[PDB]
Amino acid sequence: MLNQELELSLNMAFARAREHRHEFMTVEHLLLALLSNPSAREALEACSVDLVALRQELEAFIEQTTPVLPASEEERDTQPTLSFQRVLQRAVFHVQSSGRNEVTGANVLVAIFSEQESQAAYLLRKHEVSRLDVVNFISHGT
């Protein structure tokens, strides 16, 4: 059960990727969307993350590495990467394994760390954020 704010983040991110004719919806598009998702934003702020810099690093990477669909192709559209699909499934699995159903942007943030070859996970660790930092925030606040 993805909560309302998470679904809104996911759907708007997918719509923007489609408007930009991006061939793929990546974990980086995902993390970028999460910067304005209240649940994930709060976790990042508790980890003293420079959200302005992370936003810029994500946007630049997305523009430089995401292939753009030609105007000629009208049969295939923006699709999620395998890595993106795994992150959402992992977020749902993590929450259900604790006996709950509500999946928030913060839970998705936690799931991103397991995609070790993703630029999003690399950038989070570059900003000195670990998976445990986010889990501790979800459990204990501060």
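Start at 1 with the first residue shown and count on from there. Definition used throughout: the rigid core is the maximal C-alpha set that superposes within 1.5 Å between two forms.
- Core superposition of the other structures onto this form places the C-alphas of 93-101 farther off in 7 other deposited structures of this protein than those of the other stretch among 93-101 and 56-64.
- Between 76-84 and 110-118, greater CA displacement relative to the shown form is found for 76-84 when the structures in 7 other deposited structures of this protein are fitted on the core.
- In this entry, the higher average B-factor at the C-alpha atoms falls on 72-80, of the pair 72-80 and 85-93.
- In this crystal structure, the stretch out of 5-13 and 114-122 whose C-alpha atoms carry the higher mean B factor is 114-122.
- The entry lists a Cα temperature factor for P67 that places it in the lowest third of the chain's modelled residues.
- In this PDB entry, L51 carries a Cα temperature factor that places it within the middle third of its chain's modelled residues.
- Per-chain ranking of the deposited C-alpha B factor places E45 in the lowest third.
- Ranked within its chain, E23 lands in the middle third, by CA B factor from the PDB record.
- For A60, the recorded CA temperature factor ranks within the lowest third of the chain's modelled residues.
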